[PDB]
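Protein chains in written order, with the numbering used here: chain A, 5 to 172; chain B, 283 to 331; chain C, 35 to 304; chain D, 123 to 171.
Read through the structure below, which is laid out as structure tokens, and then see the notes.
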Amino acid sequence: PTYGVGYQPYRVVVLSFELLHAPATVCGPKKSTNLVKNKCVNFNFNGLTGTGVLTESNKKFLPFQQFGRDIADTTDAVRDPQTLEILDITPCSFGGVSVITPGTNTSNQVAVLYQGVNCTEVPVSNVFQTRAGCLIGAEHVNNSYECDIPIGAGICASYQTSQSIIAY
Amino acid sequence: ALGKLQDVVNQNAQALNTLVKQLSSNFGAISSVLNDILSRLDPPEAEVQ
Amino acid sequence: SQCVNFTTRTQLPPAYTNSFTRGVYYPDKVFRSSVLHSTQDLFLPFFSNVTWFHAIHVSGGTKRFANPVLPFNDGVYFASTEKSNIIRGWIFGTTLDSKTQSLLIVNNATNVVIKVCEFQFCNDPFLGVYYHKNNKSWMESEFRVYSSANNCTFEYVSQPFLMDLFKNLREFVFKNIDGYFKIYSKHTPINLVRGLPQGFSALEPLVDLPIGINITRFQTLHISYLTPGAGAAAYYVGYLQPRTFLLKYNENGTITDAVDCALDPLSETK
Amino acid sequence: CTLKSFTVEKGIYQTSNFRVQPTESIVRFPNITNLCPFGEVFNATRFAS
Ligand SMILES: *[C@@H]1O[C@H](CO)[C@@H](O)[C@H](O)[C@H]1NC(C)=O
Ligand SMILES: *[C@@H]1O[C@H](CO)[C@@H](O)[C@H](O)[C@H]1NC(C)=O
Ligand SMILES: *[C@@H]1O[C@H](CO)[C@@H](O)[C@H](O)[C@H]1NC(C)=O
Ligand SMILES: *[C@@H]1O[C@H](CO)[C@@H](O)[C@H](O)[C@H]1NC(C)=O
Ligand SMILES: *[C@@H]1O[C@H](CO)[C@@H](O)[C@H](O)[C@H]1NC(C)=O
Ligand SMILES: *[C@@H]1O[C@H](CO)[C@@H](O)[C@H](O)[C@H]1NC(C)=O
Ligand SMILES: *[C@@H]1O[C@H](CO)[C@@H](O)[C@H](O)[C@H]1NC(C)=O
């Protein structure tokens, strides 16, 4: 114990990494992040990458089955590798963006119809969740008139009385 | 008896299915998914596929 | 261990039967429901010739009935009909000697041991158990399979368990593809007395091992009941082929039925 | 700009496509494969010559 540091014992460990043309057996701890649901996220489950919204699912996956495919052969559901639960994957929402406009010769006020999108993913005063999509800038009216600008799903919009665009 | 209608519907669906299945064809490319090519090959190499 | 030598060696003649409509297993681990899906992979063609034999686990009586070495081809569907777990494991390889790497799978009384090594398999691999009269329970006490095992390339032992020492049908599918040895398994209670039962049951995957070796032959391993001094188990073997199958996933996702496209014109239409 | 005109008549015109991008990335893997025994080497009470 009283020798100089040069003559004192030193324990040495040498780590060598044998990398052959064979399947690897040693790896490092993967960085798994928290789970996020009901929000468009770029997910990667066990190397399966994708983009979509993860929602709690009622599908009865078998113990050994991981993914859920469909006729589209696209991953509809997954099994969270850490917590053994089933999550439905929905493609991140999208749709056409049309503009209900009375003739510019008449007015420059317009309404925007986001077709086939719920009124929750639109960043967005007036909002209408019609079966054809989310209509913005249109004032819903209970009174029914003759169709003027056919929006769809039985809803038509028109420029009328101060005047504004009314969807009925 | 409703075939005239049902038939029509099927054809529509059929076309879509075919169209959708065409997303999974290589057409000579290394892979049928753009994301894999982009993540693996650099633009100079990826652009041909 | 040290091999046990038997002066007299014999093997029963092979027998042939019909595969009927078995050998269907889940090709991948992708769930599905109420859908008819076509998959092209190595499957057991329906109504194929099945080569089957009997495994003698008791002598009564100095003749050693040794199992034969069977080719592996692209994969093997192995079924065992037995009361007690007579069939315990298999050996896979090409030369089945120390020259080339060889795989050995076994399910002893303790656990499942799977080892890929340059084994030197014994001429008559022996697994022997004796009845413990005081304990009123059989206990395995002899294991002489390989004379030596050098330069092991893989080892995996399952968790310890106790094996119990109206028949049971245990079906297995072994497929060596891309250096992966995939084992799919199914266990059912079968009331038939003889012959490969006719019916349908999908085989769930059991485990995939990246052994990455070449396999062309394999042999079965049975248990020997040592007694102070007739219902021998039976087993069947078939060879898979590249085929296209239409599998019908039901609501729960269990494959309710399958259709072999290339079996007959009707199946081709289906 | 969609119609290439300054004057737009009454009607509904498909102008654009609304798409929602991903807010963040989620990565999940099976958390434990095994656990290499490095402690048996470093924390060994006695070392070899
Ligand atoms: C790892 O996953 C298993 C699976 O259920 C879980 O029991 C365990 O708590 C997880 N470990 C950590 C550190 O999260
Ligand atoms: C605008 O429309 C009205 C009728 O709706 C018409 O009388 C008028 O001439 C139009 N204006 C122009 C500049 O064309
Ligand atoms: C939009 O989402 C809300 C809550 O997620 C839901 O109640 C509503 O029905 C959705 N819109 C449509 C048209 O279904
Ligand atoms: C339309 O009438 C319904 C009931 O008839 C009522 O609930 C709704 O608030 C009315 N909408 C408007 C904009 O007045
Ligand atoms: C199986 O092969 C044997 C001879 O190799 C033949 O006699 C028998 O008929 C075959 N099985 C069937 C079902 O044809
Ligand atoms: C085992 O490997 C070593 C070195 O890799 C080699 O020298 C030896 O010959 C191998 N064993 C046999 C039986 O060849
Ligand atoms: C699905 O599984 C549940 C629970 O295991 C069972 O109650 C139900 O009968 C099954 N249905 C089918 C069609 O197999």
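Ideal placement from N, C-alpha and C gives every residue a C-beta, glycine not left out.
Inter-residue Cα distance where the pair is residue i and residue j
i	j	result
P325 of chain B	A311 of chain B	14 Å
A296 of chain C	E302 of chain C	6 Å
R168 of chain D	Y14 of chain A	12 Å
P27 of chain A	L237 of chain C	27 Å
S111 of chain A	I169 of chain A	10 Å
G127 of chain C	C156 of chain C	14 Å
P47 of chain C	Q135 of chain C	30 Å
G100 of chain A	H25 of chain A	51 Å
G10 of chain A	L23 of chain A	35 Å
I121 of chain C	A113 of chain C	10 Å
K132 of chain D	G107 of chain A	4 Å
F252 of chain C	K220 of chain C	20 Å
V290 of chain B	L117 of chain A	30 Å
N62 of chain A	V82 of chain A	12 Å
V103 of chain C	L19 of chain A	43 Å
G120 of chain A	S192 of chain C	53 Å
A283 of chain B	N294 of chain B	19 Å
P194 of chain C	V84 of chain C	34 Å
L66 of chain A	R141 of chain D	34 Å
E146 of chain D	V45 of chain A	5 Å
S35 of chain C	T261 of chain C	22 Å
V38 of chain C	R178 of chain C	7 Å
Nearest neighbour of residue i, chosen from the options [CA to CA]
i	options	result
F99 of chain C	C:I257, C:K304, C:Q275 and C:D291	C:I257
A267 of chain C	C:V92, C:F234, C:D108 and C:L280	C:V92
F54 of chain C	C:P276, C:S182 and C:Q232	C:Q232
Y190 of chain C	C:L138, C:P262 and C:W172	C:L138
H88 of chain C	C:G123, C:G229 and C:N286	C:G229
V149 of chain D	A:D80, A:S97 and A:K41	A:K41
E60 of chain A	A:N48, A:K43 and A:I90	A:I90
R43 of chain C	C:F81, C:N101 and C:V110	C:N101
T254 of chain C	C:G213, C:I224, C:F106 and C:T144	C:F106
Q164 of chain A	A:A142, A:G156 and A:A157	A:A142
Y283 of chain C	C:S67, C:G109 and C:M197	C:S67
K35 of chain A	A:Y149, A:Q70, A:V131 and A:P85	A:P85
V163 of chain D	A:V17, A:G56, A:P95 and A:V30	A:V17
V69 of chain C	A:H144, A:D77, A:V145 and A:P127	A:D77
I104 of chain A	A:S97, A:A136, A:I93 and A:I75	A:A136
Cβ of residue i within 8 Å of any chain B Cβ
i	result
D77 of chain A	yes
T94 of chain A	no
Buried/exposed call for residue i, threshold 16 Cβ in 10 Å
i	result
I211 of chain C	exposed
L274 of chain C	buried
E116 of chain C	buried
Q74 of chain C	exposed
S162 of chain A	buried
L161 of chain C	buried
Any C-beta of chain A under 8 Å from that of residue i
i	result
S171 of chain D	no
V330 of chain B	no
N317 of chain B	yes
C123 of chain D	no
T167 of chain D	no
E131 of chain D	yes
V302 of chain B	yes
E146 of chain D	yes
Within-8 Å CB hit, residue i to chain C
i	result
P27 of chain A	yes
residue 185 of chain A	Only positions 5 to 172 of chain A appear in the structure, and residue 185 of chain A is not among them; the question remains open.
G56 of chain A	no
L66 of chain A	yes
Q70 of chain A	yes
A81 of chain A	yes
Neighbour flag for residue i against chain D, beta carbons, 8 Å
i	result
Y118 of chain A	yes
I169 of chain A	no
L39 of chain A	yes
Any chain E beta carbon closer than 8 Å to residue i
i	result
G100 of chain A	Absent from the structure is chain E; the protein chains it does hold are A, B, C and D.
Same chain only: Cβ atoms within 7 Å of residue i, ignoring 5 sequence neighbours per side
i	result
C160 of chain A	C151, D152, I153, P154 and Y172
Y59 of chain C	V207, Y218, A236 and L237
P61 of chain C	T73 and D75
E176 of chain C	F160, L161 and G162
Contact set for residue i: own chain, Cβ-Cβ below 6 Å, skip 5 residues either direction
i	result
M173 of chain C	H166
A49 of chain C	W86
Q133 of chain A	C123
Beta-carbon contacts of residue i that lie in its chain and below 8 Å, excluding the five residues immediately before and after
i	result
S314 of chain B	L305, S306, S307 and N308
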